[PDB]
$ cat query.json   # JSON, C-alpha atoms
[["chain", "number", "residue", "atom", "x", "y", "z"],
["A", 746, "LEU", "CA", 2.25, 27.34, -10.96],
["A", 747, "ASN", "CA", -0.91, 25.26, -11.26],
["A", 748, "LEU", "CA", -1.16, 23.45, -7.95],
["A", 749, "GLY", "CA", -4.57, 23.44, -6.31],
["A", 750, "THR", "CA", -5.94, 21.87, -3.14],
["A", 751, "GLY", "CA", -8.24, 18.85, -2.69],
["A", 752, "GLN", "CA", -10.48, 17.08, -2.89],
["A", 753, "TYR", "CA", -11.06, 15.30, -6.18],
["A", 754, "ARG", "CA", -13.91, 12.85, -6.76],
["A", 755, "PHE", "CA", -13.84, 10.31, -9.57],
["A", 756, "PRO", "CA", -15.97, 7.21, -10.32],
["A", 757, "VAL", "CA", -14.54, 3.80, -9.46],
["A", 758, "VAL", "CA", -17.50, 1.75, -10.65],
["A", 759, "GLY", "CA", -17.68, -1.97, -10.08],
["A", 760, "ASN", "CA", -16.88, -4.72, -7.64],
["A", 761, "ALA", "CA", -14.25, -4.17, -4.97],
["A", 762, "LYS", "CA", -12.35, -7.40, -5.68],
["A", 763, "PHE", "CA", -11.70, -6.35, -9.29],
["A", 764, "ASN", "CA", -11.04, -2.59, -9.34],
["A", 765, "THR", "CA", -7.35, -1.66, -8.99],
["A", 766, "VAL", "CA", -6.97, 2.11, -8.77],
["A", 767, "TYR", "CA", -3.45, 3.36, -9.40],
["A", 768, "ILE", "CA", -1.65, 6.62, -10.04],
["A", 769, "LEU", "CA", 0.95, 6.79, -12.75],
["A", 770, "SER", "CA", 1.77, 10.18, -13.96],
["A", 771, "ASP", "CA", 5.14, 11.36, -15.37],
["A", 772, "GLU", "CA", 6.41, 14.64, -14.86],
["A", 773, "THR", "CA", 8.24, 17.83, -14.21],
["A", 774, "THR", "CA", 5.63, 18.63, -11.50],
["A", 775, "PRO", "CA", 5.11, 17.53, -7.83],
["A", 776, "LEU", "CA", 2.13, 15.91, -6.22],
["A", 777, "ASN", "CA", 0.72, 15.43, -2.74],
["A", 778, "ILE", "CA", -1.81, 12.81, -1.66],
["A", 779, "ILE", "CA", -3.23, 13.29, 1.81],
["A", 780, "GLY", "CA", -6.07, 10.81, 2.13],
["A", 781, "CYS", "CA", -8.29, 8.61, 0.02],
["A", 782, "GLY", "CA", -11.94, 7.75, 0.53],
["A", 783, "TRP", "CA", -14.47, 5.58, -1.23],
["A", 784, "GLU", "CA", -18.19, 5.01, -1.04],
["A", 785, "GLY", "CA", -20.37, 2.25, -2.35],
["A", 786, "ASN", "CA", -23.32, -0.05, -1.78],
["A", 787, "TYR", "CA", -22.57, -2.87, 0.64],
["A", 788, "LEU", "CA", -24.90, -5.83, 0.97],
["A", 789, "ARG", "CA", -23.88, -8.94, 2.85],
["A", 790, "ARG", "CA", -26.82, -11.32, 2.80],
["A", 791, "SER", "CA", -25.61, -13.70, 5.51],
["A", 792, "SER", "CA", -25.78, -11.48, 8.60],
["A", 793, "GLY", "CA", -22.61, -12.66, 10.22],
["A", 794, "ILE", "CA", -21.40, -13.49, 13.73],
["B", 3, "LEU", "CA", -24.60, 2.36, 1.24],
["B", 4, "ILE", "CA", -21.35, 2.60, 3.19],
["B", 5, "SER", "CA", -18.20, 4.68, 2.90],
["B", 6, "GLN", "CA", -14.93, 5.17, 4.69],
["B", 7, "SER", "CA", -11.89, 7.37, 4.31],
["B", 8, "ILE", "CA", -8.30, 6.20, 4.54],
["B", 9, "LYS", "CA", -6.81, 9.11, 6.44],
["B", 10, "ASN", "CA", -3.11, 8.58, 5.74],
["B", 11, "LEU", "CA", -1.11, 6.87, 3.01],
["B", 12, "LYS", "CA", 1.86, 5.68, 5.08],
["B", 13, "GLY", "CA", 2.72, 3.49, 3.51],
["B", 14, "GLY", "CA", 4.56, 1.36, 1.06],
["B", 15, "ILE", "CA", 4.35, -2.11, -0.38],
["B", 16, "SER", "CA", 2.40, -4.86, 1.33],
["B", 17, "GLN", "CA", 2.81, -8.18, -0.45],
["B", 18, "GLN", "CA", 0.50, -9.71, 2.15],
["B", 19, "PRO", "CA", -2.86, -10.43, 0.43],
["B", 20, "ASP", "CA", -5.34, -7.60, 0.46],
["B", 21, "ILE", "CA", -7.94, -9.09, 2.79],
["B", 22, "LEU", "CA", -5.23, -9.29, 5.45],
["B", 23, "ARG", "CA", -3.37, -6.02, 4.99],
["B", 24, "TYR", "CA", -4.00, -2.71, 6.71],
["B", 25, "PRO", "CA", -5.18, 0.47, 5.06],
["B", 26, "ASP", "CA", -2.46, 3.03, 4.18],
["B", 27, "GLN", "CA", -0.65, 0.13, 2.43],
["B", 28, "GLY", "CA", -0.60, 0.16, -1.35],
["B", 29, "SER", "CA", 0.26, -2.80, -3.52],
["B", 30, "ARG", "CA", 3.06, -1.08, -5.37],
["B", 31, "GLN", "CA", 4.84, 2.24, -5.00],
["B", 32, "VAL", "CA", 7.69, 3.65, -7.08],
["B", 33, "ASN", "CA", 9.45, 7.00, -6.48],
["B", 34, "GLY", "CA", 7.13, 7.82, -3.60],
["B", 35, "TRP", "CA", 7.99, 9.73, -0.45],
["B", 36, "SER", "CA", 5.48, 9.05, 2.33],
["B", 37, "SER", "CA", 6.23, 11.92, 4.68],
["B", 38, "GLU", "CA", 4.77, 12.48, 8.13],
["B", 39, "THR", "CA", 2.32, 15.33, 7.51],
["B", 40, "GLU", "CA", 2.06, 15.30, 3.74],
["B", 41, "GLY", "CA", 1.41, 11.85, 2.39],
["B", 42, "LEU", "CA", 2.68, 10.59, -0.92],
["B", 43, "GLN", "CA", 5.12, 12.86, -2.73],
["B", 44, "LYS", "CA", 7.54, 12.48, -5.57],
["B", 45, "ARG", "CA", 11.09, 11.88, -4.44],
["B", 46, "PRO", "CA", 13.20, 15.01, -4.97],
["B", 47, "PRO", "CA", 15.32, 14.96, -8.12],
["B", 48, "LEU", "CA", 18.91, 14.29, -8.93],
["B", 49, "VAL", "CA", 20.98, 17.31, -9.67],
["B", 50, "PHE", "CA", 23.90, 16.52, -11.96],
["C", 3, "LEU", "CA", -28.63, -17.50, 8.61],
["C", 4, "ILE", "CA", -25.11, -16.80, 9.83],
["C", 5, "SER", "CA", -21.66, -16.90, 8.27],
["C", 6, "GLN", "CA", -18.08, -16.20, 9.20],
["C", 7, "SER", "CA", -14.72, -16.31, 7.48],
["C", 8, "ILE", "CA", -11.57, -17.80, 8.94],
["C", 9, "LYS", "CA", -9.06, -15.23, 7.75],
["C", 10, "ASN", "CA", -5.82, -17.18, 8.17],
["C", 11, "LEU", "CA", -4.89, -20.84, 8.25],
["C", 12, "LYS", "CA", -1.95, -20.68, 10.68],
["C", 13, "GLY", "CA", -2.00, -23.32, 11.70],
["C", 14, "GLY", "CA", -1.26, -26.94, 12.26],
["C", 15, "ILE", "CA", -2.61, -29.81, 14.30],
["C", 16, "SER", "CA", -4.80, -29.24, 17.32],
["C", 17, "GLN", "CA", -5.60, -32.49, 19.10],
["C", 18, "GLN", "CA", -7.66, -30.49, 21.58],
["C", 19, "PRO", "CA", -11.36, -31.22, 20.87],
["C", 20, "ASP", "CA", -13.00, -29.01, 18.31],
["C", 21, "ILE", "CA", -15.38, -27.12, 20.58],
["C", 22, "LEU", "CA", -12.34, -25.89, 22.50],
["C", 23, "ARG", "CA", -9.85, -25.15, 19.74],
["C", 24, "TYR", "CA", -9.28, -21.89, 17.92],
["C", 25, "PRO", "CA", -9.94, -21.24, 14.26],
["C", 26, "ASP", "CA", -6.89, -21.46, 11.93],
["C", 27, "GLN", "CA", -6.24, -24.89, 13.52],
["C", 28, "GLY", "CA", -6.93, -27.94, 11.39],
["C", 29, "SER", "CA", -7.28, -31.46, 12.70],
["C", 30, "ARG", "CA", -4.55, -32.91, 10.53],
["C", 31, "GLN", "CA", -1.97, -31.45, 8.18],
["C", 32, "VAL", "CA", 0.68, -33.27, 6.15],
["C", 33, "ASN", "CA", 3.31, -31.60, 3.90],
["C", 34, "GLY", "CA", 1.87, -28.17, 4.61],
["C", 35, "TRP", "CA", 3.79, -24.91, 4.88],
["C", 36, "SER", "CA", 1.78, -22.27, 6.74],
["C", 37, "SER", "CA", 3.66, -19.13, 5.76],
["C", 38, "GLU", "CA", 3.10, -15.63, 7.09],
["C", 39, "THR", "CA", 1.37, -13.94, 4.15],
["C", 40, "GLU", "CA", 0.36, -16.91, 2.04],
["C", 41, "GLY", "CA", -1.38, -19.56, 4.06],
["C", 42, "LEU", "CA", -1.14, -23.26, 3.37],
["C", 43, "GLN", "CA", 1.39, -24.29, 0.74],
["C", 44, "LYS", "CA", 3.03, -27.50, -0.29],
["C", 45, "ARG", "CA", 6.47, -27.96, 1.19],
["C", 46, "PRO", "CA", 9.15, -27.43, -1.47],
["C", 47, "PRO", "CA", 10.52, -30.63, -2.98],
["C", 48, "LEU", "CA", 13.62, -32.77, -2.53],
["C", 49, "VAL", "CA", 16.45, -32.91, -5.01],
["C", 50, "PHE", "CA", 18.52, -35.97, -5.46]]

$ encode --input "query.json" --output "structure tokens"
Amino acid sequence: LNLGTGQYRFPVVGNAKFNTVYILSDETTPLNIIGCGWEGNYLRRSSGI
Amino acid sequence: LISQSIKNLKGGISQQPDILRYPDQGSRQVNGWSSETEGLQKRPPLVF
Amino acid sequence: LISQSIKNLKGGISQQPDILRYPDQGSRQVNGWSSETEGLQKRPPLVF
């Protein structure tokens, strides 16, 4: 088998309101997804509360 | 520059709009099996 | 310079004066339908 263990990093570049990450595959093969992270620049100008 | 990890993926649809909904809640999910320890899996197949 | 977002709009009249009342509470509302996931909607129509 070709199975492997995480993680896997991949660029999701752009605004948060517009990027829709999704996982289609197919297959004759399993998968497991444990967690999901993201990073990114955050800048709110109006310092709230 | 911020970052955060969604620890689990349990789970499922949440047709509530995305600024309201929790993490772990995807917007669609087909043939998924959100177990307790392992997260998303494929559902096991149909023997004939 | 401050800012804040009122996440929901549920809901309705609040004749209590505005320095007392919660957010989500408008001062008047006619033909509104404050649902759970979607907020304000028009009420669905009549049929004759």

$ residues_around --input "query.json" --residues "residue 757 (chain A)" --least-positions-apart "3" --cutoff "12 Å" --atoms "only C-alpha atoms" --output "number ranges by chain"
A: 754, 760-761, 763-767, 782-785

$ residues_around --input "query.json" --residues "residue 14 (chain B)" --least-positions-apart "6" --cutoff "7 Å" --atoms "all atoms listed in the file" --output "ChimeraX atom specification"
/B:27-28,31

$ residues_near_point --input "query.json" --point "(3.1, -8.7, 2.0)" --cutoff "9 Å" --atoms "only C-alpha atoms" --output "ChimeraX atom specification"
/B:15-20,23,29 /C:38-40

$ write_last_selection --input "query.json" --atoms "C-alpha atoms" --output "PDB file, in the frame of the given file"
ATOM      1  CA  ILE B  15       4.350  -2.110  -0.380  1.00  0.00           C
ATOM      2  CA  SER B  16       2.400  -4.860   1.330  1.00  0.00           C
ATOM      3  CA  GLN B  17       2.810  -8.180  -0.450  1.00  0.00           C
ATOM      4  CA  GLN B  18       0.500  -9.710   2.150  1.00  0.00           C
ATOM      5  CA  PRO B  19      -2.860 -10.430   0.430  1.00  0.00           C
ATOM      6  CA  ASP B  20      -5.340  -7.600   0.460  1.00  0.00           C
ATOM      7  CA  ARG B  23      -3.370  -6.020   4.990  1.00  0.00           C
ATOM      8  CA  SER B  29       0.260  -2.800  -3.520  1.00  0.00           C
TER       9      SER B  29
ATOM     10  CA  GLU C  38       3.100 -15.630   7.090  1.00  0.00           C
ATOM     11  CA  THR C  39       1.370 -13.940   4.150  1.00  0.00           C
ATOM     12  CA  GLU C  40       0.360 -16.910   2.040  1.00  0.00           C
TER      13      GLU C  40
END

$ calpha_fit_and_write --input "query.json" --fixed "chain B" --moving "chain C" --output "JSON list (two decimals) with C-alpha atoms, keeping the file's coordinate frame"
[["chain", "number", "residue", "atom", "x", "y", "z"],
["C", 3, "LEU", "CA", -24.61, 2.31, 1.25],
["C", 4, "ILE", "CA", -21.36, 2.54, 3.19],
["C", 5, "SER", "CA", -18.22, 4.64, 2.92],
["C", 6, "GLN", "CA", -14.95, 5.13, 4.70],
["C", 7, "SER", "CA", -11.91, 7.34, 4.32],
["C", 8, "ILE", "CA", -8.32, 6.17, 4.55],
["C", 9, "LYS", "CA", -6.84, 9.09, 6.46],
["C", 10, "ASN", "CA", -3.14, 8.56, 5.76],
["C", 11, "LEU", "CA", -1.14, 6.87, 3.03],
["C", 12, "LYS", "CA", 1.85, 5.69, 5.09],
["C", 13, "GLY", "CA", 2.70, 3.50, 3.52],
["C", 14, "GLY", "CA", 4.55, 1.39, 1.06],
["C", 15, "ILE", "CA", 4.35, -2.09, -0.39],
["C", 16, "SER", "CA", 2.41, -4.84, 1.32],
["C", 17, "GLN", "CA", 2.82, -8.16, -0.46],
["C", 18, "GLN", "CA", 0.52, -9.71, 2.13],
["C", 19, "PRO", "CA", -2.84, -10.42, 0.41],
["C", 20, "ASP", "CA", -5.32, -7.60, 0.45],
["C", 21, "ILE", "CA", -7.92, -9.11, 2.77],
["C", 22, "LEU", "CA", -5.21, -9.30, 5.43],
["C", 23, "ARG", "CA", -3.36, -6.03, 4.98],
["C", 24, "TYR", "CA", -3.99, -2.73, 6.71],
["C", 25, "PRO", "CA", -5.19, 0.45, 5.06],
["C", 26, "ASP", "CA", -2.47, 3.02, 4.19],
["C", 27, "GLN", "CA", -0.66, 0.14, 2.43],
["C", 28, "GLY", "CA", -0.61, 0.17, -1.35],
["C", 29, "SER", "CA", 0.26, -2.78, -3.53],
["C", 30, "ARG", "CA", 3.06, -1.05, -5.37],
["C", 31, "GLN", "CA", 4.83, 2.28, -4.99],
["C", 32, "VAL", "CA", 7.68, 3.69, -7.07],
["C", 33, "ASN", "CA", 9.44, 7.06, -6.46],
["C", 34, "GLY", "CA", 7.11, 7.85, -3.58],
["C", 35, "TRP", "CA", 7.97, 9.77, -0.42],
["C", 36, "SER", "CA", 5.46, 9.07, 2.35],
["C", 37, "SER", "CA", 6.19, 11.94, 4.71],
["C", 38, "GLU", "CA", 4.74, 12.48, 8.16],
["C", 39, "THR", "CA", 2.28, 15.33, 7.55],
["C", 40, "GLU", "CA", 2.01, 15.31, 3.78],
["C", 41, "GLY", "CA", 1.37, 11.86, 2.42],
["C", 42, "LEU", "CA", 2.64, 10.61, -0.90],
["C", 43, "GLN", "CA", 5.08, 12.89, -2.70],
["C", 44, "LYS", "CA", 7.50, 12.52, -5.54],
["C", 45, "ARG", "CA", 11.05, 11.93, -4.41],
["C", 46, "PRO", "CA", 13.16, 15.07, -4.93],
["C", 47, "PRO", "CA", 15.27, 15.03, -8.08],
["C", 48, "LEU", "CA", 18.90, 14.35, -8.95],
["C", 49, "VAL", "CA", 21.37, 17.04, -9.89],
["C", 50, "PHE", "CA", 24.21, 16.37, -12.20]]

$ interface_residues --input "query.json" --of "chain C" --to "chain A" --cutoff "7 Å" --atoms "all atoms listed in the file" --output "list in words"
residues 3, 4, 5 and 6 of chain C

$ write_last_selection --input "query.json" --atoms "C-alpha atoms" --output "short mmCIF file (atom, residue, chain, number, x, y, z; two decimals), in the frame of the given file"
data_model
loop_
_atom_site.label_atom_id
_atom_site.label_comp_id
_atom_site.auth_asym_id
_atom_site.auth_seq_id
_atom_site.Cartn_x
_atom_site.Cartn_y
_atom_site.Cartn_z
CA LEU C 3 -28.63 -17.50 8.61
CA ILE C 4 -25.11 -16.80 9.83
CA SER C 5 -21.66 -16.90 8.27
CA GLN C 6 -18.08 -16.20 9.20
#

$ atom_distance --input "query.json" --atom1 "CA of residue 22 (chain C)" --atom2 "CA of residue 21 (chain B)"
26.3 Å

$ interface_residues --input "query.json" --of "chain C" --to "chain B" --cutoff "12 Å" --atoms "all atoms listed in the file" --output "ChimeraX atom specification"
/C:7-11,37-41

$ residues_around --input "query.json" --residues "residue 769 (chain A)" --least-positions-apart "4" --cutoff "12 Å" --atoms "all atoms listed in the file" --output "VMD selection string"
(chain A and resid 776) or (chain B and resid 30 to 34 44)

$ write_last_selection --input "query.json" --atoms "C-alpha atoms" --output "mmCIF file, in the coordinates of the input"
data_model
loop_
_atom_site.group_PDB
_atom_site.id
_atom_site.type_symbol
_atom_site.label_atom_id
_atom_site.label_comp_id
_atom_site.auth_asym_id
_atom_site.auth_seq_id
_atom_site.Cartn_x
_atom_site.Cartn_y
_atom_site.Cartn_z
ATOM 1 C CA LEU A 776 2.130 15.910 -6.220
ATOM 2 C CA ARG B 30 3.060 -1.080 -5.370
ATOM 3 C CA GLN B 31 4.840 2.240 -5.000
ATOM 4 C CA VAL B 32 7.690 3.650 -7.080
ATOM 5 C CA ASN B 33 9.450 7.000 -6.480
ATOM 6 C CA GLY B 34 7.130 7.820 -3.600
ATOM 7 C CA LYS B 44 7.540 12.480 -5.570
#

$ axis_aligned_box --input "query.json" --around "region 9-19 of chain C" --padding-each-side "6 Å" --output "JSON"
{"center_x": -6.3, "center_y": -23.9, "center_z": 14.7, "size_x": 22.1, "size_y": 29.3, "size_z": 25.8}

$ atom_distance --input "query.json" --atom1 "CA of residue 12 (chain C)" --atom2 "CA of residue 46 (chain C)"
17.8 Å

$ atom_distance --input "query.json" --atom1 "CA of residue 774 (chain A)" --atom2 "CA of residue 36 (chain B)"
16.8 Å

$ decode --input "query.json" --residues "region 751-762 of chain A" --atoms "C-alpha atoms" --output "PDB file, in the first residue's frame"
ATOM      1  CA  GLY A 751       0.494  13.754   7.819  1.00  0.00           C
ATOM      2  CA  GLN A 752       0.875  16.576   7.545  1.00  0.00           C
ATOM      3  CA  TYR A 753       0.437  18.111   4.110  1.00  0.00           C
ATOM      4  CA  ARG A 754       0.819  21.827   3.418  1.00  0.00           C
ATOM      5  CA  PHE A 755      -0.656  23.459   0.327  1.00  0.00           C
ATOM      6  CA  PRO A 756      -1.212  27.121  -0.653  1.00  0.00           C
ATOM      7  CA  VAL A 757      -4.706  28.572  -0.270  1.00  0.00           C
ATOM      8  CA  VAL A 758      -3.899  32.057  -1.520  1.00  0.00           C
ATOM      9  CA  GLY A 759      -6.427  34.844  -1.373  1.00  0.00           C
ATOM     10  CA  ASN A 760      -9.207  36.328   0.677  1.00  0.00           C
ATOM     11  CA  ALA A 761     -11.009  34.194   3.245  1.00  0.00           C
ATOM     12  CA  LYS A 762     -14.512  35.115   2.057  1.00  0.00           C
TER      13      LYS A 762
END
